[PDB]
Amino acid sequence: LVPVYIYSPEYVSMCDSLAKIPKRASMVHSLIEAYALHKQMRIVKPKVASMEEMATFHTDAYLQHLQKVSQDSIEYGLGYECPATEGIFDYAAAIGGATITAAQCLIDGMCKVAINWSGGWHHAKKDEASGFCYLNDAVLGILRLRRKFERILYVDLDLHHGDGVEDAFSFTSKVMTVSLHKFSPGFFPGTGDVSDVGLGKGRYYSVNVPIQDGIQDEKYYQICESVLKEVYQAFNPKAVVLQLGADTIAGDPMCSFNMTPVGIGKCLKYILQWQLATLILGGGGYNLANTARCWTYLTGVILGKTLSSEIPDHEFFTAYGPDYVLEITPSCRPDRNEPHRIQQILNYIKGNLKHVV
């Protein structure tokens, strides 16, 4: 009946090790700990993933080359946006096992919600790293939930299209991917238009909501609550894996959307009401303080509590300047979403789910 918090000091430093987001894991955890929220959660320790577990999705050829480089790289998407340097394999197996360990607790009824903020490594392909993703925990997690639940619902709210996890299941009707991501020519990963719905018997079991810059809480929530509505009808999920990349929150260097944790929180709330087993994953998020703010606040809405507007003193208190509060203010800039286009989409989707048996 109580939330599982996947954590272990050995795991958090493992994470901070990634150059792309140094010390983010600590800041996130630390801030949550400073809010004394880990005292209201079953702190479960993460279990590293075994080769036969990472193999349930990633090809052995990839997992080998990944194991070696960690020991021609361009072969498996390794190089620039995927630093083929130190021992990443370990790092990857840790996060993977973290999400699988989370998935497990969900089946063993050990909880109703399992959290692993260091996860949501959604761009990864079966045999190719991508967008700084070397392993796909989200997928490895859904595949594990498949042991019980016959129907999983994946909701990616990261700023980018969860292309990786969608391709993985783009052919089955057993799993449904729903991604709300900024979509525009020349913005990673490029895919994810609304016309994108899947292939074969997976046709219509993949949802994509292309959005534009400047979108803000109310507008965003109404689009999400809406889509999730039709989706909860048509698909009727058994479990839910939710990606919450905070690189949509005002102030992200990404500077695209204009959300604040509250807006995301309402979406989160709506989903937590279906009272289904839910696996919580993080994602993007490159304004460390803001991300920690977002996810701590979100851990709060998961625990039903309302957090103190003031930022408790902890190891990273200094990074919350200049105001030192938990609230994030939207930016004074245009919301380039035309209300008519949002509808053409909501429709196209509203009418595409129509086909779900």
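Note that residue numbering begins at 1 and tracks the sequence as displayed.
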For this session: Note how many residues of the deposited chain are left out of the model between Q273 and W274; the options are none, 1 to 3, 4 to 9, and 10 or more.
Result: none
Problem set entry | 279 to 287 versus 166 to 174 - which carries the larger mean C-alpha B factor in the record | 166 to 174
Seminar exercise, completed: Mean Cα B-factor check, 75 to 83 vs 119 to 127, entry values; winner is 75 to 83
Exercise. Which one of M259, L135, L153, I107 shows the biggest C-alpha B-factor in the PDB entry?
Worked result: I107
For this session: Could you check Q216, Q233, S179, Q243 and tell me which one carries the biggest Cα B-factor in the deposited entry?
Result: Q233
Exercise. Would the CA B-factor of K201 place it in the lowest, middle or highest third of its chain?
Worked result: highest
For this session: Ordered by C-alpha B-factor within the chain, which third holds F89? Give me lowest, middle or highest, please.
Result: highest
Exercise. Based on the entry's values, in what third of the chain does the Cα temperature factor of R24 lie: lowest, middle or highest?
Worked result: lowest
Exercise. Taking the entry's C-alpha B-factors for this chain, is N208 in the lowest, middle or highest third?
Worked result: middle
For this session: Quick one: classify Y320 as lowest, middle or highest third of the chain based on its Cα B-factor.
Result: lowest
